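Structure file protein-v6.cif (mmCIF, N, CA and C atoms) is printed below.
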```
data_upload
loop_
_atom_site.group_PDB
_atom_site.id
_atom_site.type_symbol
_atom_site.label_atom_id
_atom_site.label_comp_id
_atom_site.auth_asym_id
_atom_site.auth_seq_id
_atom_site.Cartn_x
_atom_site.Cartn_y
_atom_site.Cartn_z
ATOM 1 N N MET A 1 75.441 48.429 -15.985
ATOM 2 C CA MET A 1 74.370 49.286 -16.480
ATOM 3 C C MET A 1 73.011 48.620 -16.314
ATOM 4 N N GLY A 2 72.585 47.889 -17.339
ATOM 5 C CA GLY A 2 71.327 47.155 -17.286
ATOM 6 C C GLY A 2 71.569 45.651 -17.268
ATOM 7 N N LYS A 3 70.827 44.947 -16.419
ATOM 8 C CA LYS A 3 70.973 43.503 -16.288
ATOM 9 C C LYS A 3 70.008 42.765 -17.206
ATOM 10 N N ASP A 4 69.879 43.253 -18.435
ATOM 11 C CA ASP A 4 68.950 42.670 -19.398
ATOM 12 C C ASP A 4 69.304 41.217 -19.693
ATOM 13 N N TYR A 5 68.424 40.307 -19.292
ATOM 14 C CA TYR A 5 68.690 38.878 -19.412
ATOM 15 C C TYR A 5 69.080 38.511 -20.838
ATOM 16 N N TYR A 6 68.395 39.108 -21.807
ATOM 17 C CA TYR A 6 68.603 38.776 -23.211
ATOM 18 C C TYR A 6 69.963 39.261 -23.696
ATOM 19 N N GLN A 7 70.419 40.378 -23.141
ATOM 20 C CA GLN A 7 71.734 40.916 -23.469
ATOM 21 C C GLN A 7 72.839 40.134 -22.770
ATOM 22 N N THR A 8 72.486 39.477 -21.670
ATOM 23 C CA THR A 8 73.419 38.605 -20.967
ATOM 24 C C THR A 8 73.432 37.208 -21.572
ATOM 25 N N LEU A 9 72.331 36.840 -22.221
ATOM 26 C CA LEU A 9 72.302 35.655 -23.072
ATOM 27 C C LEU A 9 73.002 35.915 -24.399
ATOM 28 N N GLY A 10 72.893 37.144 -24.891
ATOM 29 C CA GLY A 10 73.545 37.532 -26.135
ATOM 30 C C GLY A 10 72.632 37.296 -27.332
ATOM 31 N N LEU A 11 71.384 37.739 -27.213
ATOM 32 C CA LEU A 11 70.417 37.602 -28.296
ATOM 33 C C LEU A 11 69.280 38.605 -28.150
ATOM 34 N N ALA A 12 68.355 38.587 -29.104
ATOM 35 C CA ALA A 12 67.293 39.585 -29.160
ATOM 36 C C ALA A 12 66.214 39.301 -28.125
ATOM 37 N N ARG A 13 65.588 40.362 -27.625
ATOM 38 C CA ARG A 13 64.538 40.228 -26.623
ATOM 39 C C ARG A 13 63.351 39.445 -27.169
ATOM 40 N N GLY A 14 63.296 39.309 -28.490
ATOM 41 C CA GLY A 14 62.179 38.637 -29.145
ATOM 42 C C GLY A 14 62.591 37.267 -29.668
ATOM 43 N N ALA A 15 63.668 36.726 -29.110
ATOM 44 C CA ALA A 15 64.175 35.423 -29.526
ATOM 45 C C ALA A 15 63.252 34.301 -29.069
ATOM 46 N N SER A 16 63.562 33.080 -29.489
ATOM 47 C CA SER A 16 62.726 31.926 -29.173
ATOM 48 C C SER A 16 63.292 31.141 -27.997
ATOM 49 N N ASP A 17 62.456 30.301 -27.398
ATOM 50 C CA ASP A 17 62.883 29.455 -26.289
ATOM 51 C C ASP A 17 64.107 28.631 -26.666
ATOM 52 N N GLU A 18 64.108 28.105 -27.887
ATOM 53 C CA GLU A 18 65.231 27.319 -28.382
ATOM 54 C C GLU A 18 66.498 28.160 -28.465
ATOM 55 N N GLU A 19 66.372 29.357 -29.027
ATOM 56 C CA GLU A 19 67.503 30.268 -29.152
ATOM 57 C C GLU A 19 68.020 30.694 -27.784
ATOM 58 N N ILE A 20 67.104 30.866 -26.837
ATOM 59 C CA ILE A 20 67.472 31.168 -25.460
ATOM 60 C C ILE A 20 68.295 30.040 -24.850
ATOM 61 N N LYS A 21 67.926 28.805 -25.171
ATOM 62 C CA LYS A 21 68.654 27.638 -24.687
ATOM 63 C C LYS A 21 70.042 27.558 -25.307
ATOM 64 N N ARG A 22 70.110 27.748 -26.620
ATOM 65 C CA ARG A 22 71.382 27.716 -27.334
ATOM 66 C C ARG A 22 72.283 28.867 -26.908
ATOM 67 N N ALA A 23 71.739 30.080 -26.940
ATOM 68 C CA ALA A 23 72.450 31.252 -26.443
ATOM 69 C C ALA A 23 72.968 31.024 -25.029
ATOM 70 N N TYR A 24 72.136 30.413 -24.191
ATOM 71 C CA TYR A 24 72.519 30.108 -22.819
ATOM 72 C C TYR A 24 73.671 29.112 -22.776
ATOM 73 N N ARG A 25 73.611 28.109 -23.646
ATOM 74 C CA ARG A 25 74.679 27.122 -23.750
ATOM 75 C C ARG A 25 76.023 27.788 -24.017
ATOM 76 N N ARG A 26 76.053 28.668 -25.011
ATOM 77 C CA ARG A 26 77.260 29.424 -25.328
ATOM 78 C C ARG A 26 77.810 30.125 -24.093
ATOM 79 N N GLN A 27 76.924 30.761 -23.335
ATOM 80 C CA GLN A 27 77.333 31.576 -22.197
ATOM 81 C C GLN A 27 77.776 30.709 -21.027
ATOM 82 N N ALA A 28 77.025 29.644 -20.768
ATOM 83 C CA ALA A 28 77.383 28.690 -19.725
ATOM 84 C C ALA A 28 78.694 27.983 -20.051
ATOM 85 N N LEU A 29 78.921 27.732 -21.335
ATOM 86 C CA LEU A 29 80.217 27.257 -21.806
ATOM 87 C C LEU A 29 81.295 28.315 -21.611
ATOM 88 N N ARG A 30 80.933 29.572 -21.845
ATOM 89 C CA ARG A 30 81.871 30.677 -21.707
ATOM 90 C C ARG A 30 82.402 30.776 -20.282
ATOM 91 N N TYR A 31 81.522 30.556 -19.313
ATOM 92 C CA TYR A 31 81.876 30.705 -17.906
ATOM 93 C C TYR A 31 81.961 29.352 -17.211
ATOM 94 N N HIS A 32 81.865 28.284 -17.995
ATOM 95 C CA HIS A 32 82.145 26.941 -17.499
ATOM 96 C C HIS A 32 83.470 26.897 -16.747
ATOM 97 N N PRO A 33 83.491 26.167 -15.638
ATOM 98 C CA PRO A 33 84.668 26.113 -14.778
ATOM 99 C C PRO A 33 85.915 25.752 -15.574
ATOM 100 N N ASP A 34 85.749 24.879 -16.561
ATOM 101 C CA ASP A 34 86.874 24.391 -17.350
ATOM 102 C C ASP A 34 87.153 25.304 -18.536
ATOM 103 N N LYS A 35 86.478 26.448 -18.565
ATOM 104 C CA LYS A 35 86.592 27.377 -19.684
ATOM 105 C C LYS A 35 86.999 28.766 -19.208
ATOM 106 N N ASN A 36 86.515 29.148 -18.032
ATOM 107 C CA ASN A 36 86.776 30.478 -17.492
ATOM 108 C C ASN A 36 86.862 30.448 -15.972
ATOM 109 N N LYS A 37 88.010 30.852 -15.440
ATOM 110 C CA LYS A 37 88.226 30.865 -13.999
ATOM 111 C C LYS A 37 88.627 32.252 -13.513
ATOM 112 N N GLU A 38 87.632 33.071 -13.187
ATOM 113 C CA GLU A 38 87.878 34.442 -12.762
ATOM 114 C C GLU A 38 86.821 34.909 -11.768
ATOM 115 N N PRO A 39 87.273 35.497 -10.666
ATOM 116 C CA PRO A 39 86.366 36.026 -9.653
ATOM 117 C C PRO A 39 85.617 37.247 -10.169
ATOM 118 N N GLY A 40 84.303 37.259 -9.966
ATOM 119 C CA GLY A 40 83.452 38.307 -10.516
ATOM 120 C C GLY A 40 82.763 37.844 -11.793
ATOM 121 N N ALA A 41 83.538 37.255 -12.696
ATOM 122 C CA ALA A 41 82.978 36.521 -13.825
ATOM 123 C C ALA A 41 82.149 35.333 -13.354
ATOM 124 N N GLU A 42 82.619 34.670 -12.304
ATOM 125 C CA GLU A 42 81.827 33.653 -11.622
ATOM 126 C C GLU A 42 80.476 34.208 -11.186
ATOM 127 N N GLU A 43 80.460 35.481 -10.808
ATOM 128 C CA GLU A 43 79.225 36.146 -10.410
ATOM 129 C C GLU A 43 78.412 36.569 -11.627
ATOM 130 N N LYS A 44 79.105 37.000 -12.676
ATOM 131 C CA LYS A 44 78.469 37.249 -13.964
ATOM 132 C C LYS A 44 77.787 35.994 -14.494
ATOM 133 N N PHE A 45 78.442 34.852 -14.321
ATOM 134 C CA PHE A 45 77.856 33.569 -14.689
ATOM 135 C C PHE A 45 76.587 33.294 -13.894
ATOM 136 N N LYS A 46 76.616 33.623 -12.608
ATOM 137 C CA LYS A 46 75.430 33.534 -11.765
ATOM 138 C C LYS A 46 74.311 34.422 -12.295
ATOM 139 N N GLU A 47 74.668 35.633 -12.706
ATOM 140 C CA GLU A 47 73.700 36.571 -13.260
ATOM 141 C C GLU A 47 73.122 36.057 -14.572
ATOM 142 N N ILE A 48 73.966 35.413 -15.371
ATOM 143 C CA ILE A 48 73.517 34.772 -16.602
ATOM 144 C C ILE A 48 72.678 33.537 -16.304
ATOM 145 N N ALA A 49 73.154 32.714 -15.375
ATOM 146 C CA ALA A 49 72.365 31.599 -14.862
ATOM 147 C C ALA A 49 71.014 32.073 -14.343
ATOM 148 N N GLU A 50 71.011 33.224 -13.680
ATOM 149 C CA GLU A 50 69.772 33.838 -13.218
ATOM 150 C C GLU A 50 68.906 34.283 -14.390
ATOM 151 N N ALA A 51 69.525 34.949 -15.357
ATOM 152 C CA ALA A 51 68.845 35.315 -16.593
ATOM 153 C C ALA A 51 68.059 34.137 -17.158
ATOM 154 N N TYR A 52 68.754 33.030 -17.398
ATOM 155 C CA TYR A 52 68.121 31.828 -17.927
ATOM 156 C C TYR A 52 67.148 31.230 -16.919
ATOM 157 N N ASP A 53 67.592 31.114 -15.673
ATOM 158 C CA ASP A 53 66.739 30.621 -14.598
ATOM 159 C C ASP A 53 65.272 30.914 -14.881
ATOM 160 N N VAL A 54 64.958 32.188 -15.091
ATOM 161 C CA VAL A 54 63.574 32.621 -15.251
ATOM 162 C C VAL A 54 63.027 32.219 -16.613
ATOM 163 N N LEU A 55 63.895 32.219 -17.619
ATOM 164 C CA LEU A 55 63.517 31.786 -18.958
ATOM 165 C C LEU A 55 63.182 30.301 -18.983
ATOM 166 N N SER A 56 63.809 29.542 -18.091
ATOM 167 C CA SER A 56 63.535 28.115 -17.969
ATOM 168 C C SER A 56 62.428 27.851 -16.958
ATOM 169 N N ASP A 57 62.231 28.794 -16.043
ATOM 170 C CA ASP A 57 61.295 28.610 -14.942
ATOM 171 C C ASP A 57 60.163 29.628 -15.003
ATOM 172 N N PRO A 58 58.968 29.157 -15.337
ATOM 173 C CA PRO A 58 57.835 30.043 -15.583
ATOM 174 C C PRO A 58 57.513 30.882 -14.353
ATOM 175 N N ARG A 59 58.010 30.446 -13.200
ATOM 176 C CA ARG A 59 57.634 31.050 -11.928
ATOM 177 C C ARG A 59 58.295 32.410 -11.748
ATOM 178 N N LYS A 60 59.498 32.555 -12.293
ATOM 179 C CA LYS A 60 60.174 33.845 -12.326
ATOM 180 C C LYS A 60 60.116 34.464 -13.716
ATOM 181 N N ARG A 61 59.604 33.700 -14.676
ATOM 182 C CA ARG A 61 59.454 34.185 -16.043
ATOM 183 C C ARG A 61 58.408 35.290 -16.124
ATOM 184 N N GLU A 62 57.225 35.018 -15.586
ATOM 185 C CA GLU A 62 56.177 36.026 -15.490
ATOM 186 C C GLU A 62 56.693 37.298 -14.829
ATOM 187 N N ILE A 63 57.539 37.131 -13.818
ATOM 188 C CA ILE A 63 58.010 38.257 -13.020
ATOM 189 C C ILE A 63 58.961 39.138 -13.818
ATOM 190 N N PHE A 64 60.087 38.565 -14.229
ATOM 191 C CA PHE A 64 60.974 39.217 -15.186
ATOM 192 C C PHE A 64 60.184 39.866 -16.315
ATOM 193 N N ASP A 65 59.391 39.063 -17.014
ATOM 194 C CA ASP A 65 58.631 39.544 -18.162
ATOM 195 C C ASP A 65 57.730 40.710 -17.776
ATOM 196 N N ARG A 66 57.074 40.587 -16.627
ATOM 197 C CA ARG A 66 56.071 41.561 -16.210
ATOM 198 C C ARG A 66 56.705 42.915 -15.920
ATOM 199 N N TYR A 67 57.688 42.925 -15.027
ATOM 200 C CA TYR A 67 58.301 44.168 -14.575
ATOM 201 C C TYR A 67 59.740 44.283 -15.062
ATOM 202 N N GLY A 68 60.488 43.191 -14.938
ATOM 203 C CA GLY A 68 61.893 43.179 -15.330
ATOM 204 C C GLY A 68 62.768 42.609 -14.221
ATOM 205 N N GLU A 69 64.016 43.065 -14.166
ATOM 206 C CA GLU A 69 64.997 42.504 -13.243
ATOM 207 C C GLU A 69 64.801 43.046 -11.834
ATOM 208 N N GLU A 70 64.424 44.317 -11.743
ATOM 209 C CA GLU A 70 64.303 44.988 -10.454
ATOM 210 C C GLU A 70 63.184 44.380 -9.618
ATOM 211 N N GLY A 71 62.168 43.852 -10.294
ATOM 212 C CA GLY A 71 61.022 43.258 -9.616
ATOM 213 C C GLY A 71 61.342 41.853 -9.123
ATOM 214 N N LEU A 72 62.541 41.377 -9.441
ATOM 215 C CA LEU A 72 62.984 40.060 -9.003
ATOM 216 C C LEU A 72 64.093 40.167 -7.964
ATOM 217 N N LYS A 73 64.855 41.252 -8.032
ATOM 218 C CA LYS A 73 65.905 41.513 -7.054
ATOM 219 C C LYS A 73 65.331 42.099 -5.771
ATOM 220 N N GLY A 74 64.329 42.960 -5.915
ATOM 221 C CA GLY A 74 63.672 43.571 -4.768
ATOM 222 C C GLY A 74 63.861 45.084 -4.765
ATOM 223 N N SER A 75 63.962 45.664 -5.957
ATOM 224 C CA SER A 75 64.185 47.098 -6.094
ATOM 225 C C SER A 75 63.303 47.690 -7.185
ATOM 226 N N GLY A 76 62.261 46.957 -7.559
ATOM 227 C CA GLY A 76 61.377 47.377 -8.640
ATOM 228 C C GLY A 76 60.238 48.244 -8.115
ATOM 229 N N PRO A 77 59.017 47.918 -8.525
ATOM 230 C CA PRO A 77 57.857 48.739 -8.203
ATOM 231 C C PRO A 77 57.745 48.969 -6.700
ATOM 232 N N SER A 78 57.930 47.906 -5.928
ATOM 233 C CA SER A 78 57.975 48.012 -4.474
ATOM 234 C C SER A 78 59.410 47.995 -3.965
ATOM 235 N N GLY A 79 60.291 48.700 -4.667
ATOM 236 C CA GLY A 79 61.722 48.617 -4.405
ATOM 237 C C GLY A 79 62.050 49.068 -2.989
ATOM 238 N N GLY A 80 62.901 48.303 -2.312
ATOM 239 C CA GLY A 80 63.272 48.603 -0.934
ATOM 240 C C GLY A 80 62.619 47.626 0.036
ATOM 241 N N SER A 81 61.367 47.274 -0.240
ATOM 242 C CA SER A 81 60.660 46.277 0.555
ATOM 243 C C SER A 81 60.893 44.873 0.012
ATOM 244 N N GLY A 82 61.287 44.791 -1.254
ATOM 245 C CA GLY A 82 61.593 43.510 -1.881
ATOM 246 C C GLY A 82 60.562 42.454 -1.505
ATOM 247 N N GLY A 83 59.343 42.618 -2.011
ATOM 248 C CA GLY A 83 58.241 41.733 -1.654
ATOM 249 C C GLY A 83 57.930 41.813 -0.165
ATOM 250 N N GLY A 84 58.366 40.803 0.581
ATOM 251 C CA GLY A 84 58.114 40.745 2.015
ATOM 252 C C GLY A 84 59.408 40.878 2.808
ATOM 253 N N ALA A 85 60.478 41.271 2.123
ATOM 254 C CA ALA A 85 61.778 41.433 2.763
ATOM 255 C C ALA A 85 61.761 42.573 3.770
ATOM 256 N N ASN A 86 61.000 43.617 3.461
ATOM 257 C CA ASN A 86 60.786 44.715 4.398
ATOM 258 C C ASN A 86 62.068 45.508 4.617
ATOM 259 N N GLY A 87 62.900 45.034 5.538
ATOM 260 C CA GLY A 87 64.156 45.705 5.854
ATOM 261 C C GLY A 87 65.349 44.797 5.586
ATOM 262 N N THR A 88 65.103 43.696 4.882
ATOM 263 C CA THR A 88 66.117 42.668 4.687
ATOM 264 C C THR A 88 66.785 42.803 3.324
ATOM 265 N N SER A 89 68.107 42.681 3.304
ATOM 266 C CA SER A 89 68.857 42.687 2.054
ATOM 267 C C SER A 89 68.711 41.363 1.317
ATOM 268 N N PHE A 90 68.876 41.403 -0.001
ATOM 269 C CA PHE A 90 68.577 40.253 -0.846
ATOM 270 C C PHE A 90 69.113 40.453 -2.258
ATOM 271 N N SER A 91 69.956 39.528 -2.701
ATOM 272 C CA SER A 91 70.416 39.509 -4.086
ATOM 273 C C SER A 91 69.507 38.651 -4.957
ATOM 274 N N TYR A 92 69.756 38.668 -6.262
ATOM 275 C CA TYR A 92 69.098 37.747 -7.179
ATOM 276 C C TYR A 92 69.119 36.323 -6.641
ATOM 277 N N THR A 93 68.032 35.594 -6.866
ATOM 278 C CA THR A 93 67.888 34.247 -6.327
ATOM 279 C C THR A 93 68.815 33.268 -7.033
ATOM 280 N N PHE A 94 70.105 33.362 -6.732
ATOM 281 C CA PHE A 94 71.112 32.559 -7.416
ATOM 282 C C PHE A 94 71.080 31.112 -6.938
ATOM 283 N N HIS A 95 70.324 30.861 -5.876
ATOM 284 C CA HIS A 95 69.974 29.499 -5.488
ATOM 285 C C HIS A 95 69.376 28.730 -6.659
ATOM 286 N N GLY A 96 68.334 29.293 -7.260
ATOM 287 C CA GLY A 96 67.926 28.909 -8.607
ATOM 288 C C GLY A 96 69.092 28.996 -9.581
ATOM 289 N N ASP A 97 69.864 27.917 -9.670
ATOM 290 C CA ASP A 97 71.061 27.898 -10.502
ATOM 291 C C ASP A 97 70.969 26.820 -11.574
ATOM 292 N N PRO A 98 70.559 27.218 -12.774
ATOM 293 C CA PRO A 98 70.412 26.284 -13.883
ATOM 294 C C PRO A 98 71.763 25.948 -14.502
ATOM 295 N N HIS A 99 72.744 25.666 -13.651
ATOM 296 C CA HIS A 99 73.923 24.915 -14.064
ATOM 297 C C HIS A 99 73.708 23.416 -13.896
ATOM 298 N N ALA A 100 72.755 23.052 -13.046
ATOM 299 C CA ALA A 100 72.245 21.687 -13.005
ATOM 300 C C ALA A 100 71.371 21.389 -14.217
ATOM 301 N N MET A 101 70.512 22.339 -14.568
ATOM 302 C CA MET A 101 69.779 22.283 -15.828
ATOM 303 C C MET A 101 70.732 22.204 -17.015
ATOM 304 N N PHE A 102 71.708 23.104 -17.044
ATOM 305 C CA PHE A 102 72.696 23.130 -18.117
ATOM 306 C C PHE A 102 73.452 21.810 -18.200
ATOM 307 N N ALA A 103 73.967 21.356 -17.061
ATOM 308 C CA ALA A 103 74.659 20.075 -16.990
ATOM 309 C C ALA A 103 73.788 18.947 -17.532
ATOM 310 N N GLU A 104 72.487 19.042 -17.285
ATOM 311 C CA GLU A 104 71.541 18.045 -17.771
ATOM 312 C C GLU A 104 71.295 18.201 -19.267
ATOM 313 N N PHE A 105 71.110 19.442 -19.705
ATOM 314 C CA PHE A 105 70.755 19.720 -21.092
ATOM 315 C C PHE A 105 71.922 19.438 -22.027
ATOM 316 N N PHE A 106 73.058 20.070 -21.756
ATOM 317 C CA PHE A 106 74.185 20.054 -22.682
ATOM 318 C C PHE A 106 75.394 19.364 -22.066
ATOM 319 N N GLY A 107 75.511 19.450 -20.745
ATOM 320 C CA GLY A 107 76.575 18.764 -20.024
ATOM 321 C C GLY A 107 77.903 19.494 -20.175
ATOM 322 N N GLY A 108 77.833 20.805 -20.378
ATOM 323 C CA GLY A 108 79.029 21.622 -20.534
ATOM 324 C C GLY A 108 79.733 21.322 -21.853
ATOM 325 N N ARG A 109 78.946 21.043 -22.886
ATOM 326 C CA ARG A 109 79.485 20.846 -24.227
ATOM 327 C C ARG A 109 78.639 21.562 -25.271
ATOM 328 N N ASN A 110 79.056 21.468 -26.529
ATOM 329 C CA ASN A 110 78.333 22.102 -27.625
ATOM 330 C C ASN A 110 77.160 21.244 -28.081
#
```

Translate this file's structure into structure tokens.
Amino acid sequence: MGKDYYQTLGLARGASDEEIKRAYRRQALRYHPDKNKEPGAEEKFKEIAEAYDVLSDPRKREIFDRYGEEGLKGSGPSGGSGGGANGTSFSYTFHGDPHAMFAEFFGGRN
């Protein structure tokens, strides 16, 4: 339905940076390799990692915040052109994967 980052974190849209980190920890633990091994859920984890990605990274934070998810995937206000993609397909920037951030922050623990 909706790829609401806060709903994928599992908290209120008006939550705090700290709560976003903690909420993210729960979710990253939820889909941690040693906790959950399922195809598609691995992609859900990417979507959650993406959710946080922007919450941790001001560079996509403004974007998400400004327009939302569609303005980051390439289907928002200029949907179809995806910024400069023009005719090129493009998923969420899962390259930006704060499982390295997570591994650094919490290390896959509580």

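For range 1-18 of chain A, the set of protein, DNA and RNA residues having any atom at most 6 Å away, when counting only N, CA and C atoms and skipping those fewer than 5 positions along the same chain, is residues 23, 24, 48 and 51 of chain A.
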
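We find atom N of residue 76 in chain A and atom N of residue 102 in chain A to be spaced 27.4 Å apart.
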
(message) Could you tell me how far CA of residue 91 in chain A sits from CA of residue 47 in chain A, in Å to one decimal place?
(response) 10.2 Å

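The shortest atom-to-atom distance to residue 108 in chain A, with only C-alpha atoms taken into account, belongs to A:32 out of A:59, A:32, A:27, A:21.
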
(request) Measure the distance from CA of residue 82 in chain A to CA of residue 69 in chain A in Å and round it to one decimal. (result) 11.9 Å

(request) Pick out each residue of chain A that DSSP on the backbone tags as helix (DSSP H, G or I); I need them as a VMD selection string. (result) chain A and resid 5 to 9 17 to 30 41 to 56 58 to 66 70 to 73 99 to 105

Each side padded by 3 Å, which centre and which edge lengths in Å (one decimal) define the axis-aligned box around the listed atoms of range 30-39 of chain A? Give them as lines of an AutoDock Vina configuration file.
```
center_x = 84.8
center_y = 30.8
center_z = -15.7
size_x = 13.7
size_y = 18.9
size_z = 18.2
```

(request) Report as number ranges by chain the residues that result from applying the PyMOL selection byres (((chain A and resi 92-98 and name CA) around 12) and name CA) to the structure here. (result) A: 3, 21, 24-25, 28, 42-57, 59-60, 64, 69-75, 82, 89-91, 99-108
